[PDB]
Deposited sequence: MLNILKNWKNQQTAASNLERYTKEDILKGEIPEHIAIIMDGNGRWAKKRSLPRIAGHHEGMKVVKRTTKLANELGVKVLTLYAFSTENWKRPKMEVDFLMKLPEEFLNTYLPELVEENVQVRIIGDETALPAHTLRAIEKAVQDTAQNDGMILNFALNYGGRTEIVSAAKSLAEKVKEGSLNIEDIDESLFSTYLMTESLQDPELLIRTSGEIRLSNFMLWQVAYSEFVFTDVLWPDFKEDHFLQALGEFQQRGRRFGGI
């Protein structure tokens, strides 16, 4: 219903966090192998990234969350295929690439590619493409707690100086703003341990559309849902 020219008339969130899910369900739905669904999801990452760069979005976060060895090794090579394919098309769009999570659970060849893509994009000031690999909201909160405790132990930080502001700075999204919008696909209505502190005041849009089928139109429909939320009477 909502077209591109209707969404550009409306407010564009500055930070959108999408939960990409349903790659496997989409492979079964199409009688394809699972790794094919993960490949298609990798391509949807790019379509969405370009669309969000067009719309004025400033930060865009992506998260994708047992599996046999083959599928795990295929997944841990998708970042390299994604960067060896679309990194020139992203530096051309002034997009900064960053990664949040535990990088130590990636193999070296993948981390080198990731780090190179980050460093070739640090001098940019356009949209931010934020990837969550091996990311746990609870483990982020506990690690911020533990670093704060380290600083208290050394004596460089007094316990009465800790507040919501200082605590946000110790999260993996420190130089970032909280997501104005959260999107979740595959039909699940949960958070599944993603950015718990950050989605406190975030509008949640849920949708049964699987992540490979989430192209330009469904993203626009999600933005129309958001914008209509913004323009609801009755008060609060």
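Coordinate coverage of the deposited sequence breaks at 1-19, 85-89, these segments carrying no C-alpha atoms.
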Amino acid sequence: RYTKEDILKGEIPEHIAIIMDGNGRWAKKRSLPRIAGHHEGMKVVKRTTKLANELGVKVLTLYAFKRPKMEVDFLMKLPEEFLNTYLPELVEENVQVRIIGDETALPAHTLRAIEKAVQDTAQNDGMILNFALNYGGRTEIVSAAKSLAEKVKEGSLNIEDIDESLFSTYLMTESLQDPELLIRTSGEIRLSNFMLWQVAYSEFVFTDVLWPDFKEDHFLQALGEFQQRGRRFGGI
From here on, numbers count along this sequence of modelled residues.
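Averaged over CA atoms, B-factors in the entry run higher in 120-128 than in the other of 120-128 and 159-167. Stretches compared: 40-48, 190-198. Higher mean C-alpha B-factor in the entry: 40-48. Placement of the Cα temperature factor of residue 177 within the chain: lowest third of the modelled residues, per the deposited record. The PDB entry assigns residue 110 a C-alpha temperature factor belonging to the highest third of its chain's modelled residues. The PDB entry assigns residue 220 a C-alpha temperature factor belonging to the highest third of its chain's modelled residues.
When the modelled residues of the chain are ordered by C-alpha B-factor, residue 77 sits in the highest third. Sort the chain's modelled residues by C-alpha temperature factor and residue 29 lands in the middle third, per the entry.
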